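Overview (structure and organization)
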Amino acid sequence: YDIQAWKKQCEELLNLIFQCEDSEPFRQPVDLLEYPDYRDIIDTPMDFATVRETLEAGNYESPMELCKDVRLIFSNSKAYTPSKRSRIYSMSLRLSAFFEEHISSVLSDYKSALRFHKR
Ligand SMILES: COCc1nnc(N)s1
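Residues numbered from 1 in each chain as written, not as in the entry; some residues may be left out. Heavy atoms only, no water. Residues with missing side-chain atoms left out of burial classes, pairs and counts.

The deposited coordinates, according to the entry record, derive from X-ray crystallography at 1.2430 Å resolution.

Shown next as structure tokens:
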């Protein structure tokens, strides 16, 4: 029932994601010199270094907010991909499966801890 435990659990999951070769396209903001129309399609760029910096600055209040930003990394790639003949989109799908598999207990434990706090 530790209400704060999610933060270190998310730091560890982010470390696992950076170790994954599938995170390579998502470890830093998309370069607009490489993808000049990126902001014409993507309203809110997001990447794993930005998520980690937001977490470390103490600017997430819950793992649900972190999860929303991570899910935006994947939805941005889906929106920006022209077809399945994309190593980057295929990496996003595997990485998303890995993230969802690991974030589920973080979210459940946090929500359980908050319910216990207001029992
Ligand atoms: C992550 O770099 C920008 C891109 N996003 N989806 C692509 N298929 S290329």
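Per the stated rule, a full pass over the model turns up 2 salt bridges. Between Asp-22 and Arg-94 there is a salt bridge, with its nearest N and O atoms 2.8 Å apart. Here the residue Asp-22 occupies a position in the loop between α1 (6-19) and α2 (38-41), and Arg-94 occupies one in helix α5 (residues 87-117), the gap between them amounting to 72 residues. Given the relative accessible area of 17%, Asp-22 is considered buried. Judged by its relative accessible area of 46%, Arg-94 falls in the partly exposed class. (Salt bridge = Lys/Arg side-chain N within 4 Å of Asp/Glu carboxyl O. Helix = DSSP H or I, 4+ residues; strand = E, 2+ residues; numbered from the N terminus. Buried < 20%, exposed > 50% of the residue type's maximum accessible area, 1.4 Å probe, protein only.)

Every residue near the ligand is listed here: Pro-25, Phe-26, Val-30, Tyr-35, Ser-77, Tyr-80, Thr-81, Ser-86 and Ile-88. Between the ligand and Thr-81, the relevant distance is 2.9 Å, taken from a nitrogen atom to a side-chain nitrogen or oxygen of the residue. Here a nitrogen atom of the ligand and a side-chain polar atom of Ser-86 are 3.4 Å apart. Notes on the ligand: free accessible area 280 Å², of which the protein chains cover 92%. Using a 2 Å cut-off from the grid points, one finds that the ligand occupies the largest pocket. Its residues assigned to classes, the shell around the ligand shows 6 nonpolar, 3 polar and no charged. (Near = heavy atom within 4 Å. Polar contact = N/O pair within 3.5 Å; in protein donor to acceptor, adjacent residues only side chain to side chain. Areas by Shrake-Rupley, 256 points an atom, 1.4 Å probe, with all protein chains shown as cover. 1 Å grid on protein atoms, 1.4 Å probe; cavity = no way out; pocket = protein on both sides within 12 Å on 5 of 7 lines; lining within 4 Å. Sits in = over half its atoms within 2 Å of the grid points. Nonpolar A, V, L, I, M, F, W, Y, C, P; charged D, E, K, R; others polar.)

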